[PDB]
Every structure is written in structure tokens, then in C-alpha cells.
């Protein structure tokens, strides 16, 4: 009868998710500056920098190191954008805001989850909390944000979280435009899909999101987990060689989703 309540369990991840890497250039202004298996995109403009995702909470100083290596001081970081506000992508946002000039733009769903530090998650409860942060600007579906002339467009793709967002922008490479699509996760890891009281239209939202991702302007696809789009950040000059199209990414995710639905019904 002498059994204490369990200790808090820390959110632990594969080592490669926490393996620092030097900046890897994607296009003329766009760099991967996160870890080998977590995306954090730096977009550098004549009028300041944008960060899309930060990865895990303990990655803040690494990101700042890579920004510095790129010529970006804490004051130069103007804007943080997010794919979705889980601990492994928005983890260091609170600390980055404290240590830089960065302000956060996000949709309402991502803002309230971020402001909760990821607590009371629809699926994971309080299992994956991180330092809470406030959004400085609330964006609507299809809204644009422009920094130093690079134009970022929000495309809501609710499912993995209610606030899951794809961000698209046009960069250059070899004098030619490169339409980059940073599409969010389309996974539903351990989720109850059917009849979920916390997310009654979950399935309809995922289906709509597959269609949204399929139709993005998308010369180059990147995802918060690089493996999801067949990126290999450790592969240097061939890091993006095997990358999926947005269409292939959406199709793969939908096939997996359909399998999961069938297993849920059986399980």
C-alpha cells in the first residue's frame, strides 16, 4: 500500500532530433538551421530575418549560434512563424522572444495552444508541455506577411493540430524563382480519429488538409520532420535530392491515414 504517485516524465526524443548541424542552404535566402531531424528555417532579407519553427526547447542557443554564423544578430530576427505549436517545433519560442527582437505571428488555434505551453493537448493531455509564449499577431487563412520583400502566405491545414499551417513563399535559385512550401505534419500519432469528443470533425479536417497540401505552390517541399518529405539534412549537397512533391507527400499521408482508420475500426 506504500506506492507514491509516479514522477513527472520528461518529453524525450531520438538523438538525431537533438543533433546540431551547421546551416544548410535551401535557396538564395532560405536556410535550414535546426538539427539533423528537426526543421528550423531561417529566411534572410535586406530588412531582417524570419524564423519558421524552432524545434525542441533546448535548441534556442544553437539556433542563435547558427543565426550569428549567418550574419543575423538577435536584433535582426523580426518574425517567428510556426507549422504547429507542439513542443518539438515551437519548443524554444518563449526563450527566443526573450533573447531576440522576434515577434510571433500565428493563427488563433496555434496562438491559444502556444499560450498554454502545449498543455491540455487534444490528444496528449499534459504529456508534452513547453514554455508558454504569446502571439503578437493573429493571422487568418490565406493572409500574407511580408518581410524585406519576401512574401509569406498562410494555408491552414488543420488536423495534426487544429492550428496546423503550411507557409509558402517564393525565393530564388540560379536567377529563377523557387516556390517553397513548408507544409505541416499530416500524421495522427496514436490519435483517436473517429468519434473524438475533443475533435468531432477531425476526419473531415484531415481530408480537407490533404487536398490543401496537394494544391500548394510547390517547387520545393519541406516539412517540420524532414524525413516526412524525404529530406536528409545530413546528406549535404544531396540533402534535398530525394524530396517528395507536395502531391506525393499528401498522397502518402492520406494512404497512411486511411490505413490508420481501418486499424482503429478493427482495434
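Residue numbers count along the first chain shown, from 1.
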Out of 144-152 and 76-84, which stretch has the higher average CA B-factor listed in the record?
144-152
Going by the mean C-alpha B-factor recorded in the entry, which is higher: 110-118 or 96-104?
96-104
Reading the B-factor column for Cα atoms of 45, 229, 209, 39, the highest value belongs to 45
Say you rank 160, 173, 123, 89 by Cα B-factor from the PDB entry; which sits at the top?
173
With respect to C-alpha B-factor, does residue 131 fall in the lowest, middle or highest third of the chain as deposited?
lowest
Residue 17's Cα B-factor: lowest, middle or highest third of the chain?
middle
Against its chain's modelled residues, does residue 35's Cα B factor rank lowest, middle or highest third?
middle
Using the temperature factors of the C-alpha atoms in this entry, rank residue 223 within its chain: lowest, middle or highest third.
lowest
Would you please rank residue 194 by its C-alpha temperature factor against the other modelled residues of its chain and give the third it falls in: lowest, middle or highest?
highest
